[PDB]
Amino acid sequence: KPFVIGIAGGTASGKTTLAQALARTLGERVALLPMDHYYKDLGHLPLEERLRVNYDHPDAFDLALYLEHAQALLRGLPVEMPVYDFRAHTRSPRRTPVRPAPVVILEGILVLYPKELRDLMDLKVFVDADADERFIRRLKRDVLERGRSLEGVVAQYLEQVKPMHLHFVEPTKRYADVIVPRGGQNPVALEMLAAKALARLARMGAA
């Protein structure tokens, strides 16, 4: 049985980085599935309509698919992970191979919302950061990498990302076993999580 780690947290909280650093520390032994790339394929709709969608509401996510893949890896099967194109606002034509592994990291802003996802997790983590600090990174990433305007980001954040976060994301902190501050730069928490996983991996091999 693969050690399942659930990593949730607000947008730009450091959960992507934390997840990757943990993935990098265990090498070939981890499969990382970012739920933030599993938005429903709305490619058949005009840009005007893909731009109105609230991408922070659980309904914007293809939970069916995400869970299908989470369960495939749990049975030692690989998946063709979809890739969301954040610049064009649609499911990209690009796919990415994710091989099964003894450690599966389920990372995303809402990976702790559906009970179906929680039941698959051995360790549930919430990466904590104050919205002001997170907004700074959100804005930077959006203007530098996603073709987003200054006004567009503020608008999106205030009428969507934020209220959705307070109402959906943030409450899932109650389901967390451990809370990680400064997810992006916390070598101590990283080591402890690696150690936790290393111990479980040892239980897999040892008998």
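Just count from 1 along the sequence shown to find any residue number.
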Residue stretch of maximal mean CA temperature factor, 192-200 vs 8-16:
192-200
According to the deposited model, is the average Cα temperature factor higher in 125-133 or in 112-120?
112-120
Based on what the PDB entry reports, which of 143, 63, 161, 180 has the top C-alpha B-factor?
143
Relative C-alpha B-factor of residue 67, binned into the chain's lowest, middle or highest third
middle
Assigned third (lowest, middle, highest) for the C-alpha B factor of residue 26:
highest
Could you say whether, by C-alpha temperature factor, residue 156 belongs to the lowest, middle or highest third of its chain?
lowest
Relative C-alpha B-factor of residue 150, binned into the chain's lowest, middle or highest third:
highest
Grab the CA temperature factor for residue 82 from the record and place it in the lowest, middle or highest third of its chain.
middle
